[PDB]
Amino acid sequence: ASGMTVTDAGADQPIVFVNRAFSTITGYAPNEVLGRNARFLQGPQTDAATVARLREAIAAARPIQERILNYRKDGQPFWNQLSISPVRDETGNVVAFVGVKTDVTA
Amino acid sequence: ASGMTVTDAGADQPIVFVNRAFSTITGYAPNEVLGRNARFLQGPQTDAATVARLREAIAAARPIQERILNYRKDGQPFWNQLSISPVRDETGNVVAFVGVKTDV
Ligand SMILES: Cc1cc2nc3c(=O)[nH]c(=O)nc-3n(C[C@H](O)[C@H](O)[C@H](O)COP(=O)(O)O)c2cc1C
Ligand SMILES: Cc1cc2nc3c(=O)[nH]c(=O)nc-3n(C[C@H](O)[C@H](O)[C@H](O)COP(=O)(O)O)c2cc1C
């Protein structure tokens, strides 16, 4: 099961929804992540150039796929196969972003 | 502002999330729609051909846009400029569907 996050499009893309697999993968309950930017999943071993490519894609509302080192709540690393896409209305306004997280550590 | 719905991919695509604008447009609170298929928004004057196109698109996980007649909680009809797309993982498994609703 892949984790899924939904964020607001604007401000700092706060998380507005996670699926159950999100909590299985990351160790966080919904109430611990709602209203936060997903960057709290990163740590000192996360690749800064990868974070930069996500930052620039989100600012432009461009879809992006990266493999990124992330951390469970208890501190265990997992390699996150992350896919992020904007949700657009028919005028092209960005309504939200959706993220799909696959734990590809094994 | 455009309404947004997120559903599960499987079974009968039950609604798992709605934004604030969904409630403004439809007059339903989240508690009233969570766990339900969004077809409850349709009613007597809804075009059956339009429903059938949405049904086939969801079954194949194909993106689709339709203008569909829907009904607010209080029974007032409204034109829903609806666009539906699947959310996929990187192996192409469908994880969810996203619907965007504009009252036109
Ligand atoms: C919908 C969505 C989901 C995201 N999921 C993750 C994630 O699972 N792991 C992660 O490291 N970053 C994730 N991000 C990226 C961070 O939120 C952030 O955009 C990234 O760290 C780049 O921005 P920054 O330099 O301001 O931190 C996600 C962003 C969005 C919009
Ligand atoms: C994410 C999502 C959002 C939807 N939103 C609406 C909507 O706003 N109004 C509507 O009439 N149908 C909506 N539908 C369509 C119905 O849920 C259903 O797929 C359609 O009526 C055709 O299938 P049926 O013949 O089994 O009812 C949505 C479906 C999905 C998957």
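Looking across the range A:23-58, the residues that are touching a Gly at 6+ places or on another chain (Cβ under 8 Å) and of a type in the set (A, V, I, L, M, F, W, C) come down to A:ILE25, A:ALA38. Counting only residues that are in contact with a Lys or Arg (Cβ under 8 Å, 6 or more places away or on another chain), assigned to a strand (DSSP E or B) and more than 7 Å from every other protein chain (Cβ to nearest Cβ), the range B:87-104 holds 1 of them.
Looking only at the range B:74-86, count how many residues are under 15 Å from the mean Cα position of the chain (by Cα) and more than 7 Å from chain A (Cβ to nearest Cβ). Summing the residues that are under 15 Å from the mean Cα position of the chain (by Cα) and more than 7 Å from chain A (Cβ to nearest Cβ) in the range B:74-86 gives 7. Just wondering, is there one or more residues in the range A:32-50 that are away from chain B (no Cβ under 11 Å), touching an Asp or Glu at 6+ places or on another chain (Cβ under 7 Å) and closer than 22 Å to B:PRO86 by Cα? No; the residues of the range A:32-50 include none that is away from chain B (no Cβ under 11 Å), touching an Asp or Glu at 6+ places or on another chain (Cβ under 7 Å) and closer than 22 Å to B:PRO86 by Cα.
The number of residues in the range B:13-27 that are touching a helix residue (DSSP H, G or I) at 6+ places or on another chain (Cβ under 9 Å), within 19 Å of B:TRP79 (Cα to Cα) and not small (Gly, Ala, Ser) comes to 3.
Within the range A:48-86, the set of residues being touching a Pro at 6+ places or on another chain (Cβ under 8 Å), free of Cβ contacts under 8 Å to residues at least 40 places away in the same chain and in a strand (DSSP E or B) comprises A:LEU69, A:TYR71, A:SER83, A:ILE84, A:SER85.
So basically every Cβ, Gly included, is an ideal-geometry build from the backbone, and we count neighbours across all protein chains shown. Bear in mind these aren't lab numbers, they're just calculated from the coordinates by the rules spelled out.
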